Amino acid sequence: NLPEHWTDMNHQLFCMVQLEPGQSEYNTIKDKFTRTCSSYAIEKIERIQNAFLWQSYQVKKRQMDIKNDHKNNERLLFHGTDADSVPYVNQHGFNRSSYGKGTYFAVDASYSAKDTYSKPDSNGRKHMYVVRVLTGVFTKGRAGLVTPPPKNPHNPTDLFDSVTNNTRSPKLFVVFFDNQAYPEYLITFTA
């Protein structure tokens, strides 16, 4: 039940796999990066293969495509982070524990790349994820949120799937639930 472009895992559950620079995979992901980051240089890109994380995101993808219509739920966003969170993110993905109390993802790589988010290690090396997020139906964000707003406040059961800063042209995305985002690649880059 896994992605068929994944490396054999030798009967293991977690695996980090570095891309070969000439590949279409490397250039597809790199072309997405170089749209808004032409200045930076990539040390590497690695495909994160997490069986359990994959499994649970997959489950929600279907629960979402069910619930909306079959709307276009999924987006490719970026998550810059500091070198020390990475081991956890690789393993357990993103955790929520201002447009809300949740996990932030950038439409553009230039945004995530801000040293505020993608923090240089002692070696000047920064980090950013290319994350598949289940965005589905969203609305505008505000400071207070612990969960996305319910569509109709007179039915506080159905919720939006995320929140944006502006709905006409969103530049970020916030999700408030475990397993709504699968980190697909890890870009290590340099000034």
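Just so we're on the same page, rigid core means the largest C-alpha set that superposes within 1.5 Å between forms. Position 1 is the first residue in the sequence shown; the rest follow in order.
Superposing each structure in 9 other deposited structures of this protein on the rigid core shows that the farther-lying of 71-79 and 109-117, by root-mean-square Cα distance, is 71-79.
Once the rigid core is used to overlay the structures in 9 other deposited structures of this protein, the stretch among 132-140 and 152-160 whose CA atoms lie farther from this form is 152-160.
Gap between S97 and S98: 4 to 9 deposited residues without coordinates. Mean CA temperature factor is higher for 67-75 when stretches 105-113 and 67-75 are set side by side in the entry. Higher average CA B factor: 157-165, of the stretches 157-165 and 140-148. Residues shown: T135, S56, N50, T34. Highest C-alpha temperature factor in the entry: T34. In the deposited entry, the Cα temperature factor of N10 sits in the top third of values across the chain's modelled residues.
Compared with the other modelled residues of the chain, the Cα B-factor recorded for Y40 ranks in the highest third. Remark: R125 belongs to the highest third of its chain, ranked by C-alpha B-factor as recorded. Per-chain ranking of the deposited C-alpha B factor places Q180 in the lowest third.
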